[PDB]
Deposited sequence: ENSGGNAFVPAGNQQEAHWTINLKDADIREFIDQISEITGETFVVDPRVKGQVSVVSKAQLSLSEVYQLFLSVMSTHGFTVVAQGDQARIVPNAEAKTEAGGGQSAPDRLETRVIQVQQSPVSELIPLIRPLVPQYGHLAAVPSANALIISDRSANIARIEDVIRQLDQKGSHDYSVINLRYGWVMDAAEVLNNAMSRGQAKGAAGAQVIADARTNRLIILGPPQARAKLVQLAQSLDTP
């Protein structure tokens, strides 16, 4: 039952590989083209298999793939890189349900993976966006069953509608039904409306309003 905690800041990719090799016991033949700096933040202690899933996520994020050439593992390249890889512990919600809601926040250059054995998320992004995503995970974690409504936007811009709907859930501009959540999927220009059933039905209509 060995649990490890990987914490790095601008550490060499080759040092991260040496640490993975120390944990896993697996020996890697690093290609010379494999170079760069990695930042890792472990909010959770991880199992060896969980550590291996982290390794793959870091490798995928920086443009490297693992090749098993005759029972011998080899890291080879693919075809902002000051990206952070965080291991976030989800407490009350099953991680798998959570990914559909978090994927819209992770960019194309980013990475998002589930570690169900540890009920944790591996996300690679910019540090400032990771802080935002963890604030989303925290808000989500509370609710029991994440039933949502999806609104595909025709005239409006998702990020405009999302900021508007969330700002309207306050004092100067009120919604009328709070405890609801807006998650913006830029890739498909759609809003994922969450929260209590009564609250969620109100927020849907407010997004429609803008679709005129």
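Novice: Going by C-alpha coordinates, which parts of the deposited sequence are missing from this model?
Specialist: No C-alpha coordinates exist for 1-15, 95-106, 240.
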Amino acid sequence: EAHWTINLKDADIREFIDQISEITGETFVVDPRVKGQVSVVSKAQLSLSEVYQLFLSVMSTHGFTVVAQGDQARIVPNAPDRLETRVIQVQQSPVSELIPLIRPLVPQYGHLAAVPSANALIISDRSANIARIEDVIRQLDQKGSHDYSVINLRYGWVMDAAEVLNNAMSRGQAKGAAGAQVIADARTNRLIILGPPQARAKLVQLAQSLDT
From here on, numbers count along this sequence of modelled residues.
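Novice: Report the stretch with the higher mean CA temperature factor, choosing between 66-74 and 149-157 on the basis of the entry.
Specialist: Per the deposited B-factors, the answer is 66-74.
Novice: Look up the CA B-factors in the entry and say which stretch, 40-48 or 173-181, has the higher mean.
Specialist: Higher of the two, by average CA B-factor, is 173-181.
Novice: How does the C-alpha B factor of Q139 compare with the rest of the chain: lowest, middle or highest third?
Specialist: As the PDB entry reports it, the C-alpha B-factor of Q139 lands in the lowest third of its chain.
Novice: What third of the chain, by the recorded C-alpha B-factor, contains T27?
Specialist: Highest third.
Novice: Considering only modelled residues of the same chain, in which third does the CA B-factor of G110 rank: lowest, middle or highest?
Specialist: CA B-factor rank for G110: highest third.
Novice: Which third of the chain holds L121 when residues are ordered by C-alpha B factor: lowest, middle or highest?
Specialist: Bottom third by C-alpha B-factor.
Novice: Should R82 be placed in the lowest, middle or highest third of its chain by the C-alpha B factor in the entry?
Specialist: Its C-alpha B-factor, which the entry lists for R82, ranks in the highest third among residues of this chain.
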